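*Asks:* So that you have it, the file is data-v9.cif, and it contains mmCIF, C-alpha atoms and all ligand atoms:
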data_coords
loop_
_atom_site.label_atom_id
_atom_site.label_comp_id
_atom_site.auth_asym_id
_atom_site.auth_seq_id
_atom_site.Cartn_x
_atom_site.Cartn_y
_atom_site.Cartn_z
CA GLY M 58 -13.10 -16.18 9.76
CA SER M 59 -13.24 -17.42 6.12
CA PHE M 60 -14.19 -15.22 3.11
CA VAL M 61 -13.55 -17.61 0.22
CA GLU M 62 -15.33 -15.37 -2.39
CA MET M 63 -12.83 -12.56 -1.65
CA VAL M 64 -9.60 -14.56 -1.26
CA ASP M 65 -7.28 -14.14 -4.31
CA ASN M 66 -9.32 -11.24 -5.79
CA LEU M 67 -6.28 -8.97 -6.45
CA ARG M 68 -3.84 -8.82 -9.36
CA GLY M 69 -0.74 -6.72 -10.01
CA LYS M 70 2.71 -6.17 -8.50
CA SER M 71 4.39 -3.50 -6.31
CA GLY M 72 5.82 -1.44 -9.22
CA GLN M 73 2.44 -1.18 -11.03
CA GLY M 74 0.14 -1.36 -7.99
CA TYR M 75 -2.49 -3.99 -7.04
CA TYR M 76 -6.00 -3.83 -8.41
CA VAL M 77 -9.48 -5.31 -7.85
CA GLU M 78 -12.30 -5.80 -10.35
CA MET M 79 -15.31 -3.53 -9.83
CA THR M 80 -18.47 -2.73 -11.82
CA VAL M 81 -20.00 0.73 -12.26
CA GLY M 82 -23.39 1.67 -13.76
CA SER M 83 -26.52 -0.11 -15.05
CA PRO M 84 -26.01 -2.40 -16.93
CA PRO M 85 -22.70 -3.06 -15.09
CA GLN M 86 -19.47 -1.79 -16.75
CA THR M 87 -16.45 -3.85 -15.59
CA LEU M 88 -13.24 -1.96 -14.70
CA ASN M 89 -10.00 -2.89 -12.90
CA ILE M 90 -9.31 -0.52 -10.02
CA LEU M 91 -6.04 0.28 -8.19
CA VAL M 92 -6.39 -0.32 -4.40
CA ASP M 93 -5.04 2.80 -2.64
CA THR M 94 -5.01 3.19 1.13
CA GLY M 95 -3.10 6.51 0.58
CA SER M 96 -6.02 8.50 -0.93
CA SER M 97 -9.82 8.78 -0.58
CA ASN M 98 -11.40 9.33 -4.03
CA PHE M 99 -13.01 6.70 -6.26
CA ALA M 100 -12.00 7.88 -9.74
CA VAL M 101 -12.21 6.13 -13.09
CA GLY M 102 -11.13 6.81 -16.69
CA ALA M 103 -14.29 8.15 -18.40
CA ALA M 104 -12.86 9.25 -21.78
CA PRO M 105 -10.57 7.58 -24.38
CA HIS M 106 -6.86 7.47 -23.51
CA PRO M 107 -3.99 5.71 -25.42
CA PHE M 108 -3.24 3.53 -22.33
CA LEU M 109 -6.90 2.48 -21.71
CA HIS M 110 -8.81 -0.24 -23.62
CA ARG M 111 -11.99 0.47 -21.59
CA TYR M 112 -13.52 3.35 -19.67
CA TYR M 113 -16.67 4.41 -17.85
CA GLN M 114 -19.37 5.50 -20.34
CA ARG M 115 -21.82 7.59 -18.25
CA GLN M 116 -24.27 7.96 -21.19
CA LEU M 117 -24.70 4.13 -21.18
CA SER M 118 -25.66 3.95 -17.49
CA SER M 119 -29.33 4.42 -16.59
CA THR M 120 -28.40 4.98 -12.91
CA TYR M 121 -25.78 7.69 -13.57
CA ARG M 122 -26.42 10.98 -11.67
CA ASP M 123 -24.54 14.15 -12.53
CA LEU M 124 -23.29 16.18 -9.52
CA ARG M 125 -22.52 19.18 -11.88
CA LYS M 126 -19.14 19.72 -10.19
CA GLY M 127 -15.56 19.40 -11.31
CA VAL M 128 -12.62 17.93 -9.39
CA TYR M 129 -8.89 18.66 -9.93
CA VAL M 130 -6.38 16.37 -8.29
CA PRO M 131 -2.75 17.42 -8.81
CA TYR M 132 -0.11 15.37 -6.92
CA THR M 133 3.71 14.97 -7.02
CA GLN M 134 4.11 12.37 -9.86
CA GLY M 135 1.04 13.46 -11.87
CA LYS M 136 -2.57 14.63 -11.96
CA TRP M 137 -6.14 13.90 -12.99
CA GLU M 138 -9.18 16.10 -13.57
CA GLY M 139 -12.76 15.03 -13.87
CA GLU M 140 -16.46 15.45 -13.34
CA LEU M 141 -18.25 14.33 -10.20
CA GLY M 142 -21.30 12.07 -10.28
CA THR M 143 -22.82 9.07 -8.51
CA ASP M 144 -23.69 5.56 -9.76
CA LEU M 145 -24.32 2.01 -8.55
CA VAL M 146 -21.05 0.15 -7.80
CA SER M 147 -20.29 -3.51 -7.01
CA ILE M 148 -17.21 -5.66 -6.38
CA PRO M 149 -17.78 -9.02 -8.20
CA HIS M 150 -15.30 -10.89 -5.94
CA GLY M 151 -16.46 -9.00 -2.90
CA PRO M 152 -19.41 -8.61 -0.54
CA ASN M 153 -22.63 -9.43 -2.33
CA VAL M 154 -23.90 -5.81 -2.20
CA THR M 155 -24.45 -2.88 -4.61
CA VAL M 156 -24.01 0.67 -3.37
CA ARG M 157 -24.62 4.16 -4.65
CA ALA M 158 -21.18 5.87 -4.53
CA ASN M 159 -19.45 9.04 -5.64
CA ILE M 160 -17.40 8.60 -8.83
CA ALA M 161 -14.95 11.08 -10.30
CA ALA M 162 -15.18 10.55 -14.07
CA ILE M 163 -11.65 11.32 -15.29
CA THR M 164 -11.68 13.39 -18.51
CA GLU M 165 -8.07 14.70 -18.49
CA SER M 166 -4.95 13.20 -16.92
CA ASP M 167 -1.12 13.63 -16.81
CA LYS M 168 1.15 10.63 -15.98
CA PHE M 169 -1.75 8.89 -14.13
CA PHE M 170 -2.60 5.94 -16.47
CA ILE M 171 0.39 3.67 -17.17
CA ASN M 172 1.12 1.85 -20.46
CA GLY M 173 1.04 -1.89 -19.78
CA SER M 174 -0.92 -1.51 -16.59
CA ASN M 175 -4.23 -3.27 -16.66
CA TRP M 176 -6.14 -0.84 -14.32
CA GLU M 177 -8.56 1.92 -15.35
CA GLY M 178 -9.25 3.75 -12.08
CA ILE M 179 -8.31 4.14 -8.41
CA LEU M 180 -10.09 3.23 -5.20
CA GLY M 181 -9.08 5.58 -2.38
CA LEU M 182 -9.67 3.71 0.87
CA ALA M 183 -8.51 6.39 3.35
CA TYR M 184 -10.75 8.92 5.18
CA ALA M 185 -12.93 11.83 4.02
CA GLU M 186 -10.47 14.39 5.46
CA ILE M 187 -8.15 13.96 2.42
CA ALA M 188 -10.90 13.52 -0.25
CA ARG M 189 -10.99 16.07 -3.12
CA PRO M 190 -12.46 18.68 -3.59
CA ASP M 191 -13.12 18.49 0.17
CA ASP M 192 -14.32 16.23 3.01
CA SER M 193 -18.01 16.52 1.97
CA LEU M 194 -17.31 13.99 -0.86
CA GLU M 195 -18.09 10.73 0.91
CA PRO M 196 -15.43 8.06 0.11
CA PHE M 197 -16.50 4.68 -1.31
CA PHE M 198 -15.88 2.65 1.89
CA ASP M 199 -17.90 5.16 3.98
CA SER M 200 -20.85 4.74 1.50
CA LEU M 201 -20.48 0.96 1.58
CA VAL M 202 -20.66 0.84 5.42
CA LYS M 203 -23.55 3.37 5.63
CA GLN M 204 -25.75 1.65 3.00
CA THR M 205 -25.17 -2.03 3.97
CA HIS M 206 -24.44 -4.24 7.02
CA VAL M 207 -20.76 -4.71 5.88
CA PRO M 208 -18.57 -4.32 9.04
CA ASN M 209 -16.36 -1.19 9.09
CA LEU M 210 -13.09 -3.06 8.38
CA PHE M 211 -11.10 -4.36 5.42
CA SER M 212 -7.87 -6.33 5.20
CA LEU M 213 -5.16 -6.60 2.56
CA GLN M 214 -2.75 -9.36 1.65
CA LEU M 215 -0.44 -8.03 -1.13
CA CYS M 216 1.56 -10.86 -2.68
CA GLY M 217 4.96 -10.19 -4.18
CA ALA M 218 6.00 -13.06 -6.47
CA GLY M 219 9.70 -12.88 -5.51
CA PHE M 220 10.64 -12.87 -9.22
CA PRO M 221 9.70 -10.63 -12.19
CA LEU M 222 6.31 -11.32 -13.85
CA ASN M 223 6.19 -10.67 -17.59
CA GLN M 224 3.24 -9.05 -19.49
CA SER M 225 1.23 -12.32 -19.71
CA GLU M 226 2.24 -13.75 -16.28
CA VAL M 227 1.16 -10.60 -14.37
CA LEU M 228 -2.32 -10.99 -15.99
CA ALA M 229 -2.67 -14.67 -15.01
CA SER M 230 -1.10 -14.51 -11.51
CA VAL M 231 -2.87 -14.03 -8.13
CA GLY M 232 -1.63 -10.74 -6.66
CA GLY M 233 -3.34 -11.08 -3.29
CA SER M 234 -6.59 -10.53 -1.44
CA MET M 235 -8.72 -7.64 -0.34
CA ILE M 236 -11.19 -8.90 2.31
CA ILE M 237 -14.02 -6.41 2.60
CA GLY M 238 -15.70 -6.52 6.04
CA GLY M 239 -13.54 -9.13 7.68
CA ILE M 240 -10.32 -11.03 8.45
CA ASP M 241 -9.55 -14.29 6.64
CA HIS M 242 -7.40 -16.63 8.84
CA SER M 243 -5.92 -18.50 5.84
CA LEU M 244 -3.94 -15.37 4.77
CA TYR M 245 -1.63 -15.20 7.79
CA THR M 246 0.38 -17.25 10.30
CA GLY M 247 0.91 -16.53 13.97
CA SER M 248 -0.77 -13.70 15.87
CA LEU M 249 -2.21 -10.37 14.73
CA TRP M 250 -0.73 -7.37 16.59
CA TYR M 251 -2.49 -3.98 16.52
CA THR M 252 -1.17 -0.43 16.43
CA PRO M 253 -3.56 2.55 17.00
CA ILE M 254 -4.64 4.68 14.02
CA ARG M 255 -3.23 7.99 15.40
CA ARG M 256 -5.68 10.14 13.45
CA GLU M 257 -8.24 9.33 10.75
CA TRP M 258 -7.05 11.03 7.55
CA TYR M 259 -4.36 8.85 6.02
CA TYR M 260 -3.93 5.55 7.92
CA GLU M 261 -1.47 7.24 10.32
CA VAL M 262 0.64 5.20 12.77
CA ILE M 263 3.52 5.78 15.19
CA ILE M 264 6.95 4.03 14.83
CA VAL M 265 8.80 3.94 18.20
CA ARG M 266 12.09 2.11 17.33
CA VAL M 267 13.95 0.99 14.20
CA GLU M 268 16.55 -1.83 14.03
CA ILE M 269 18.80 -3.06 11.23
CA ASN M 270 19.82 -6.71 12.05
CA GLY M 271 18.95 -6.06 15.70
CA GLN M 272 21.06 -2.88 15.87
CA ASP M 273 19.09 0.12 17.11
CA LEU M 274 19.20 3.03 14.62
CA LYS M 275 19.19 5.10 17.95
CA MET M 276 17.48 8.19 16.52
CA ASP M 277 15.05 10.39 18.48
CA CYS M 278 11.78 8.47 17.70
CA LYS M 279 10.14 11.76 16.53
CA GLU M 280 12.47 11.55 13.49
CA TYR M 281 10.81 8.28 12.39
CA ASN M 282 7.38 9.99 12.22
CA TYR M 283 8.49 13.34 10.80
CA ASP M 284 6.02 14.66 9.67
CA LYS M 285 3.79 11.52 9.75
CA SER M 286 4.01 7.73 9.26
CA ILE M 287 1.34 6.07 7.06
CA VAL M 288 0.31 2.66 5.67
CA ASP M 289 -0.04 3.06 1.87
CA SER M 290 -0.90 0.29 -0.63
CA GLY M 291 -0.45 2.95 -3.41
CA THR M 292 3.32 3.42 -2.74
CA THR M 293 5.79 0.79 -4.05
CA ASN M 294 8.67 1.50 -1.64
CA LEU M 295 9.36 1.73 2.05
CA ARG M 296 9.95 5.54 2.14
CA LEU M 297 11.75 7.10 5.10
CA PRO M 298 12.25 10.73 6.22
CA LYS M 299 15.53 12.14 4.80
CA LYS M 300 17.57 11.83 8.06
CA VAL M 301 16.19 8.33 8.80
CA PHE M 302 16.88 7.21 5.25
CA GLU M 303 20.50 8.49 5.56
CA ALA M 304 21.06 6.57 8.85
CA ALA M 305 19.29 3.43 7.57
CA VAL M 306 21.28 3.26 4.32
CA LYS M 307 24.56 3.73 6.22
CA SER M 308 23.55 0.81 8.50
CA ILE M 309 22.36 -1.40 5.59
CA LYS M 310 25.62 -0.70 3.68
CA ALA M 311 27.64 -1.61 6.86
CA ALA M 312 25.71 -4.87 7.33
CA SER M 313 26.15 -5.82 3.62
CA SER M 314 29.79 -4.55 3.40
CA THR M 315 31.18 -7.88 2.08
CA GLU M 316 29.80 -6.70 -1.33
CA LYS M 317 30.15 -3.11 -2.61
CA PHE M 318 27.26 -1.69 -4.61
CA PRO M 319 27.30 1.49 -6.75
CA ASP M 320 25.71 4.72 -5.41
CA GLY M 321 23.00 4.35 -8.12
CA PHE M 322 21.85 1.08 -6.53
CA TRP M 323 21.30 2.76 -3.11
CA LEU M 324 19.45 5.65 -4.88
CA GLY M 325 16.98 3.12 -6.34
CA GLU M 326 17.98 3.99 -9.91
CA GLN M 327 20.24 1.11 -10.95
CA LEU M 328 19.51 -2.59 -10.85
CA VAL M 329 21.94 -5.15 -9.32
CA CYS M 330 22.11 -8.66 -10.91
CA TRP M 331 23.38 -12.04 -9.75
CA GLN M 332 23.75 -15.32 -11.64
CA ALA M 333 20.44 -17.29 -11.50
CA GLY M 334 19.68 -18.56 -7.98
CA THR M 335 22.78 -16.99 -6.35
CA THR M 336 21.26 -13.80 -4.80
CA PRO M 337 23.22 -13.44 -1.51
CA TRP M 338 20.18 -12.78 0.70
CA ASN M 339 22.20 -13.63 3.85
CA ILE M 340 24.56 -10.62 3.46
CA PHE M 341 21.61 -8.20 3.63
CA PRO M 342 20.09 -7.36 7.03
CA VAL M 343 16.55 -7.78 8.29
CA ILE M 344 14.75 -4.48 9.16
CA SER M 345 12.44 -4.15 12.15
CA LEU M 346 9.95 -1.37 12.76
CA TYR M 347 8.53 -1.18 16.31
CA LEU M 348 5.02 0.22 16.42
CA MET M 349 3.00 1.59 19.36
CA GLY M 350 0.82 -1.13 20.91
CA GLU M 351 -2.79 -0.92 22.09
CA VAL M 352 -1.70 -1.34 25.75
CA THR M 353 -0.01 1.61 27.56
CA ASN M 354 3.85 1.35 27.45
CA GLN M 355 3.71 -1.69 25.12
CA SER M 356 5.06 -1.97 21.54
CA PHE M 357 5.48 -4.78 19.03
CA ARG M 358 7.78 -5.18 16.04
CA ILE M 359 7.35 -6.13 12.39
CA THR M 360 10.45 -7.55 10.65
CA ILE M 361 11.04 -7.70 6.91
CA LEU M 362 13.73 -9.39 4.86
CA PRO M 363 15.77 -8.29 1.86
CA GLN M 364 13.25 -10.50 -0.11
CA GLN M 365 10.78 -7.65 0.65
CA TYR M 366 13.03 -4.56 0.20
CA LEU M 367 14.92 -5.79 -2.95
CA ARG M 368 12.25 -5.53 -5.70
CA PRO M 369 12.65 -8.13 -8.52
CA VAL M 370 13.03 -6.56 -11.97
CA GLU M 371 13.77 -7.98 -15.43
CA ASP M 372 17.32 -7.32 -16.77
CA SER M 376 18.71 -12.83 -19.29
CA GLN M 377 18.65 -15.69 -16.75
CA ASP M 378 20.21 -13.46 -14.03
CA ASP M 379 18.16 -12.57 -10.93
CA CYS M 380 18.01 -8.72 -10.81
CA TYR M 381 16.63 -6.28 -8.25
CA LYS M 382 16.19 -2.63 -7.42
CA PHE M 383 16.66 -1.28 -3.87
CA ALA M 384 13.10 -0.36 -2.73
CA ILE M 385 13.87 1.84 0.28
CA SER M 386 13.89 5.53 -0.59
CA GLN M 387 13.92 9.04 0.85
CA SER M 388 10.82 11.09 1.68
CA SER M 389 10.20 14.76 2.58
CA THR M 390 6.60 13.90 3.63
CA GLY M 391 7.20 11.30 6.36
CA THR M 392 7.48 7.51 6.50
CA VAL M 393 5.44 5.57 3.95
CA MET M 394 4.95 1.87 4.64
CA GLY M 395 4.30 0.87 1.01
CA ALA M 396 4.22 -2.50 -0.78
CA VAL M 397 7.76 -3.30 0.64
CA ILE M 398 6.21 -3.52 4.06
CA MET M 399 2.81 -4.70 2.97
CA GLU M 400 4.07 -7.70 0.97
CA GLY M 401 5.50 -9.17 4.17
CA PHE M 402 2.28 -8.96 6.14
CA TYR M 403 -1.44 -9.42 6.24
CA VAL M 404 -2.68 -5.94 7.13
CA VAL M 405 -6.02 -5.32 8.88
CA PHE M 406 -7.54 -1.84 8.49
CA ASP M 407 -9.81 -1.98 11.54
CA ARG M 408 -11.63 1.30 11.07
CA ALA M 409 -14.32 0.35 13.68
CA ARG M 410 -11.70 0.03 16.44
CA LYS M 411 -9.34 2.78 15.05
CA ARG M 412 -6.41 0.35 14.74
CA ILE M 413 -4.21 -1.42 12.16
CA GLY M 414 -3.32 -5.11 12.57
CA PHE M 415 -0.22 -6.89 11.27
CA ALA M 416 0.49 -10.61 10.97
CA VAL M 417 3.08 -12.56 8.97
CA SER M 418 1.69 -13.05 5.45
CA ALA M 419 1.08 -16.62 4.27
CA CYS M 420 2.42 -15.37 0.85
CA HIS M 421 5.61 -13.51 1.92
CA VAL M 422 8.81 -14.39 0.07
CA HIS M 423 11.57 -15.85 2.29
CA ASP M 424 14.37 -18.43 2.35
CA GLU M 425 15.06 -21.54 4.48
CA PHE M 426 17.03 -19.52 7.06
CA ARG M 427 14.89 -16.41 7.83
CA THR M 428 11.25 -15.40 7.75
CA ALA M 429 9.33 -12.12 8.17
CA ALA M 430 8.03 -11.73 11.75
CA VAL M 431 5.50 -9.94 13.95
CA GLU M 432 6.49 -10.17 17.62
CA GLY M 433 5.70 -8.70 20.98
CA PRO M 434 5.24 -7.28 23.50
CA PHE M 435 8.14 -4.97 24.36
CA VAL M 436 8.19 -2.37 27.09
CA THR M 437 8.52 1.11 25.48
CA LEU M 438 8.15 4.38 27.41
CA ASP M 439 6.93 7.88 26.30
CA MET M 440 5.58 6.60 22.93
CA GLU M 441 3.18 9.58 22.49
CA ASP M 442 6.43 11.67 22.34
CA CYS M 443 7.28 9.83 19.07
CA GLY M 444 4.33 11.49 17.31
CA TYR M 445 5.08 14.71 15.40
CA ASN M 446 3.03 17.95 15.90
CA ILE M 447 2.95 21.09 13.60
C1 LIG E 1 1.60 7.65 -3.15
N1 LIG E 1 0.38 7.99 -3.89
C2 LIG E 1 -0.81 7.34 -3.62
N2 LIG E 1 -0.86 6.54 -2.63
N3 LIG E 1 -1.93 7.60 -4.32
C3 LIG E 1 -1.91 8.35 -5.59
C4 LIG E 1 -1.57 7.47 -6.77
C5 LIG E 1 -0.92 6.28 -6.76
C6 LIG E 1 -0.73 5.75 -8.10
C7 LIG E 1 0.00 4.48 -8.40
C8 LIG E 1 0.29 4.10 -9.71
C9 LIG E 1 1.06 2.98 -9.96
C10 LIG E 1 1.56 2.22 -8.91
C11 LIG E 1 1.26 2.59 -7.60
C12 LIG E 1 1.76 1.81 -6.49
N4 LIG E 1 2.12 1.21 -5.60
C13 LIG E 1 0.48 3.71 -7.34
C14 LIG E 1 -1.28 6.58 -9.05
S1 LIG E 1 -1.99 7.98 -8.36
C15 LIG E 1 -3.22 9.15 -5.63
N5 LIG E 1 -2.90 10.35 -4.84
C16 LIG E 1 -3.83 11.27 -4.46
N6 LIG E 1 -3.38 12.30 -3.70
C17 LIG E 1 -4.32 13.17 -3.30
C18 LIG E 1 -5.62 12.98 -3.63
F1 LIG E 1 -6.56 13.81 -3.11
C19 LIG E 1 -6.01 11.93 -4.41
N7 LIG E 1 -5.10 11.05 -4.85
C20 LIG E 1 -1.48 10.51 -4.57
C21 LIG E 1 -0.82 9.47 -5.47
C22 LIG E 1 0.47 8.99 -4.85
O1 LIG E 1 1.54 9.44 -5.22
#
As structure tokens - that is how I would like this structure written.
Ligand SMILES: CN1C(=N)N[C@@]2(c3cc(-c4cccc(C#N)c4)cs3)CN(c3ncc(F)cn3)C[C@H]2C1=O
*Replies:*
Amino acid sequence: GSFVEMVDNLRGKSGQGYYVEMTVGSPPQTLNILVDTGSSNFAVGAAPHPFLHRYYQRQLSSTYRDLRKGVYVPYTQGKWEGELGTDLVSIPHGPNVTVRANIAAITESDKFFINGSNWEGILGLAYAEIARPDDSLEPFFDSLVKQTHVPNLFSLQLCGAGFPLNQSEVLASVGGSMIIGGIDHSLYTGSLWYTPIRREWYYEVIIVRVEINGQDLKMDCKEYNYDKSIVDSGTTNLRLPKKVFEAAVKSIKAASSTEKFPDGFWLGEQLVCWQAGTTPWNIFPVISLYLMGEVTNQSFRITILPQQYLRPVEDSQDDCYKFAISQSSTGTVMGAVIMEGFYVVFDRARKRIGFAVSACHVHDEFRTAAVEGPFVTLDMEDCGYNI
């Protein structure tokens, strides 16, 4: 329906992540928290750090409970270590509830906190299977659903501005909405189409066909989900398995061949700039991902524009961008490139993910992002990877 208290409760941008305000402890300590559908721990800075101006002070919370257990979370780009405990947590622009949740109090970190970023912790919204140290550490959303009458569903509208936001603008701008326990109809246009959650660990999905400007990439569909395909608000790019990335970039280069770009642009390293207002959107192709439908032998497609996969960056008055499609050795990641085009419904209760055209997606007068269906697609379970 309508969840006016939760609409426009996010801030941020794809390169720095999107965050929501939360409170921890008694009296409440306000912190900004990165919204991550790609992990399952609620973890906050709990010790001074040069890039933090606030942190969780456990000794000032009367409701703090020590779990007497450490947690070490190393990952590819960095790591954090901390001490497990529980406390009362609320979301000021959220459901009007307070819950007792697990909190990893971060005491040591490496390349986790970012200078200039305005967030102090991370909210892992995925399932217990991938929580650290193990699946016995109940994730925040699981606690929220168990302790209250909040429906087992949340939805995200991540809003890319379509232009770079400076240090002050990114603080004052609306980055989107996280609707906890519902679907807000003002955030999308057209119909919502649902794809099954394949398995409850990451938000895993199955891609059954890929097109670049309507041209079938024509790969064995297992390649698109090798070794998994996930929906991740904590990844900036659309990341594709090595072989898929190679085929996609060849096709995108062919479609945009009226303009030659350096190898560094396609590697996501180098920016490309055009005179103000002259970005040649029309030379770049649309990209469609077909996802398994809820009905046997049925699929639907989501289509994004170069306004989604060319990330605006500051150089001058030129309009500059980085190519935000990159290679993966851990499967497809539908990051903020995908998510900024759509309103995404994480329907945990019905084990499905919904997509609709976002009311805040960036487009031009000639093309728009799309969510369309149905299409007849056979042997879609064969597209899923095993082992
Ligand atoms: C892609 N991705 C995440 N989705 N989450 C993680 C992080 C994302 C960010 C981050 C920072 C800035 C911008 C963006 C965006 N968009 C994301 C910092 S840490 C957490 N994680 C993880 N893994 C295993 C585990 F038991 C617990 N946490 C893996 C990290 C990661 O590389």
*Asks:* Excluding residue 443 in chain M and residues on its chain fewer than 3 positions from it, collect all residues at most 8 Å away from it, counting only C-alpha atoms, and give them as a PyMOL selection string.
*Replies:* chain M and resi 263-265+277-282+439-440
*Asks:* Tell me which of M:244, M:393, M:231, M:180 sits closest to residue 60 in chain M, counting all atoms listed in the file.
*Replies:*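 The answer is M:244, which sits nearest to residue 60 in chain M.
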*Asks:* So which residues touch range 99-105 of chain M within 6 Å, counting all atoms listed in the file, skipping near sequence neighbours fewer than 5 positions away, as a list in words?
*Replies:* residues 112, 113, 160, 161, 162, 163, 164, 177, 178, 179, 180 and 181 of chain M
*Asks:* Dump C-alpha atoms for the selected residues as a short mmCIF file (atom, residue, chain, number, x, y, z; two decimals), in the coordinates of the input?
*Replies:*
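What landed in again18.cif:
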data_model
loop_
_atom_site.label_atom_id
_atom_site.label_comp_id
_atom_site.auth_asym_id
_atom_site.auth_seq_id
_atom_site.Cartn_x
_atom_site.Cartn_y
_atom_site.Cartn_z
CA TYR M 112 -13.52 3.35 -19.67
CA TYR M 113 -16.67 4.41 -17.85
CA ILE M 160 -17.40 8.60 -8.83
CA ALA M 161 -14.95 11.08 -10.30
CA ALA M 162 -15.18 10.55 -14.07
CA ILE M 163 -11.65 11.32 -15.29
CA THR M 164 -11.68 13.39 -18.51
CA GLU M 177 -8.56 1.92 -15.35
CA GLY M 178 -9.25 3.75 -12.08
CA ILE M 179 -8.31 4.14 -8.41
CA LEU M 180 -10.09 3.23 -5.20
CA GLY M 181 -9.08 5.58 -2.38
#
*Asks:* Please check which protein, DNA or RNA residues sit within 10 Å of ligand LIG 1 (chain E), counting all atoms listed in the file, and write them as a count of residues only.
*Replies:* 60
*Asks:* Please provide as a list in words all residues within 10 Å of residue 432 in chain M, with the sequence filter that same-chain residues fewer than 4 positions apart are discarded (counting only C-alpha atoms).
*Replies:*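 Final neighbour list, sorted by chain and number: residues 247, 248, 249, 250, 347, 356, 357, 358, 359, 360, 415, 416 and 417 of chain M.
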*Asks:* Compile the contact shell of residue 243 in chain M as a list in words: residues with an atom at most 10 Å away, counting only C-alpha atoms, same-chain residues fewer than 6 positions apart removed.
*Replies:*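 The residues satisfying every condition are residues 58, 59, 60, 61, 64, 418 and 419 of chain M.
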*Asks:* Pick out the closest residue to residue 219 in chain M from this set: M:413, M:269, M:362, M:88. Count all atoms listed in the file.
*Replies:* M:362
*Asks:* Show me, as a count of residues only, the residues that have an atom within 8 Å of range 122-126 of chain M when counting all atoms listed in the file, minus same-chain residues fewer than 2 positions from it.
*Replies:* 7
*Asks:* Just checking: using only C-alpha atoms, which residue out of M:223, M:428, M:353, M:155 ends up closest to residue 204 in chain M?
*Replies:*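 Among M:223, M:428, M:353, M:155, it is M:155 that comes nearest to residue 204 in chain M.
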*Asks:* Using only C-alpha atoms, pick whichever of M:241, M:284, M:379, M:268 has the shortest atom-to-atom distance to residue 62 in chain M.
*Replies:* M:241
*Asks:* Mind pulling up the distance from CA of residue 67 in chain M to CA of residue 228 in chain M?
*Replies:*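 It comes out at 10.5 Å.
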